[PDB]
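Q: Structure provided below as structure tokens; questions to follow.
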């Protein structure tokens, strides 16, 4: 519902809203539990690597 | 014709798999020609012709009936000679079912007695001052629900002034409500006529109201609501300073969403110049008045519907002699008009050969062939059905549709499980000599076949193959028709500045030579062509030898010593 609240406030094709939050295992073996905007980086880093098509 | 069903909109990318007793069934194969059928059939629009490419569409639209069984025979009779595309129209003049409750006239997209099993109802959503809808079609178990119906956006006035009022006016001449005015403290800021122009959409109104420093119009997230302004509802003096003032288009929201329902159409009840009966919640109630009607005494109007459709083969699923005459007259008309066709007919169970001769005596036409045998077929789901001849006629029609133009149905096998009567050699000869097409049984060491003995039309004379053998006549038919239409395009259709008789003669000879190079025709006389031109008209005459098939073999044996 809060996600829909953000959707209600914001509806723009130039932006996408990610909902899930999780944890990542990183260098040195440390695993960090992080908010969604860190997941957003993973989506952004992925999309950056993918080709245009 | 019309390919009725477009895509279903989808929501998510996924793969789903579900066990079932039955599959998707047959499929239309590549074909030069098209196959037309008429018969008893539940579902679909009466007096409308539908094109089918797959058995799934036939199930989805022609929900049940002997017609749907006929399609299965057409594509299931032989995988090698699978029948081509299909044109179908239901004989029964079914009716829709209707419900008129709660300010709404509700009618069924489905036509027939099934339509009365549709239930639709509205409910009041106390949580958001809105109406709610549910649609259930119990036979197909199709359940649909809509919520927050009618409410688009909310307005709040934020200033300290005593009173803010929201008003919408009504036009009685057309029953529309096309004004929306915001007033605060007996002073007006703006007024939006909802009759197009400046504020055609509610989107602009929301933008307009939001610009006002003392107001905010906020979009409801429950369902896309960008309706045109004219669809807003009658509203009279709503206090904008309060917690929430709703802007409502009850029918407009219903009109958009309900268009996507697969079962129902909605109309807004006019009272019985009468004002609008208010759309209000009501119990989920059955639709009523949907029936199958009765078939017409004459099928001529139905057959006239197929003119200019290109279906070479047409089969009526009936045994009535008068109906057969109607088709024969209709086919005769189309052939002269420039649309050649062939009709396949067969009536009743185990009908007497004398009665077959009675039909032959009444009817002798090269454009039609009469099938005598009746039998039973094993079909999908393991059910085996014992059926009249006109269902066998479909198998012949479906077979002939799959075969190439130059190849006859003669002697080809058939999958029919069994036949009512097993004609003897003499019995078969009498039928074939009298222009009756029949089925023959043979037995291998451990195999059994049902074969089509030969191609013969009701026309009896053996003198002219084109009259007798439909395969030969069909080859001539497609040859001429394909030639003329091409010729029309080059000279009549396309802008031609000049033309001579000899030029036409060369073009004709070029066309025929190409056919021989494709093996479509075996031989012909090159010098026999004639061309005459007379003002705006030209006469063309030519001859081509029909193909001859292999019929008789006689053998004798001699035993000897050593």
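Coordinate-derived values only; no laboratory data. Positions of Cβ are backbone-derived with ideal geometry, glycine not excepted, and every protein chain shown enters the neighbour counts.
Q: How many of the residues making up the range B:448-488 are in a loop (DSSP other than H, G, I, E, B) and surrounded by fewer than 18 Cβ atoms within 10 Å (Cβ to Cβ)?
A: Going through the range B:448-488 one residue at a time, the tally reaches 6.
Q: Which condition number in (1) more than 19 Å from residue B:176 (Cα to Cα); (2) more than 14 Å from chain A (Cβ to nearest Cβ) is the one that residue B:269 fails?
A: (1)
Q: Going through the range B:424-438 one residue at a time, which ones are in contact with a helix residue (DSSP H, G or I) (Cβ under 8 Å, 6 or more places away or on another chain) and surrounded by fewer than 21 Cβ atoms within 10 Å (Cβ to Cβ)?
A: The initial filter retains those residues of the range B:424-438 that are in contact with a helix residue (DSSP H, G or I) (Cβ under 8 Å, 6 or more places away or on another chain), namely B:427, B:430-431, B:434-438.
Of everything in the range B:424-438, those that are in contact with a helix residue (DSSP H, G or I) (Cβ under 8 Å, 6 or more places away or on another chain) and surrounded by fewer than 21 Cβ atoms within 10 Å (Cβ to Cβ) turn out to be B:427, B:430, B:434.
Q: Of all residues in the range B:220-234, which are surrounded by 19 or more Cβ atoms within 10 Å (Cβ to Cβ) and within 11 Å of chain A (Cβ to nearest Cβ)?
A: B:220, the sole residue that qualifies.
Q: If you take the residues of the range B:181-219 that are within 14 Å of chain A (Cβ to nearest Cβ) and part of a helix (DSSP H, G or I), which of them is surrounded by the most Cβ atoms within 10 Å (Cβ to Cβ)?
A: Once the filter is applied, the top-ranked residue is B:206.
Q: Can you confirm whether residue B:298 is touching a helix residue (DSSP H, G or I) at 6+ places or on another chain (Cβ under 6 Å) and in a loop (DSSP other than H, G, I, E, B)? Talk me through it step by step, then tell me what you get.
A: Numbers: touching a helix residue (DSSP H, G or I) at 6+ places or on another chain (Cβ under 6 Å): no; in a loop (DSSP other than H, G, I, E, B): yes.
Against the criterion (touching a helix residue (DSSP H, G or I) at 6+ places or on another chain (Cβ under 6 Å) and in a loop (DSSP other than H, G, I, E, B)), residue B:298 does not qualify.
Q: Anything in the range B:513-539 that is assigned to a loop (DSSP other than H, G, I, E, B) and farther than 14 Å from residue B:502 by Cα? List them, or say none.
A: B:518, B:519, B:520, B:521, B:522, B:523, B:524, B:525, B:535, B:536
Q: Residues of the range B:272-286 being over 28 Å from residue B:176 (Cα atoms) and outside any strand (DSSP E or B), which ones? Full working, then the answer.
A: Going through the range B:272-286, the residues over 28 Å from residue B:176 (Cα atoms) turn out to be B:284-286.
Scanning the range B:272-286 gives no hits.
Q: Any chance you could count how many residues in chain A are in a helix (DSSP H, G or I) and within 14 Å of chain B (Cβ to nearest Cβ)?
A: 8
Q: Let me ask something else about it. Could you list all residues from the range B:5-22 that are closer than 20 Å to residue B:53 by Cα and in contact with a helix residue (DSSP H, G or I) (Cβ under 8 Å, 6 or more places away or on another chain)?
A: B:5, B:22
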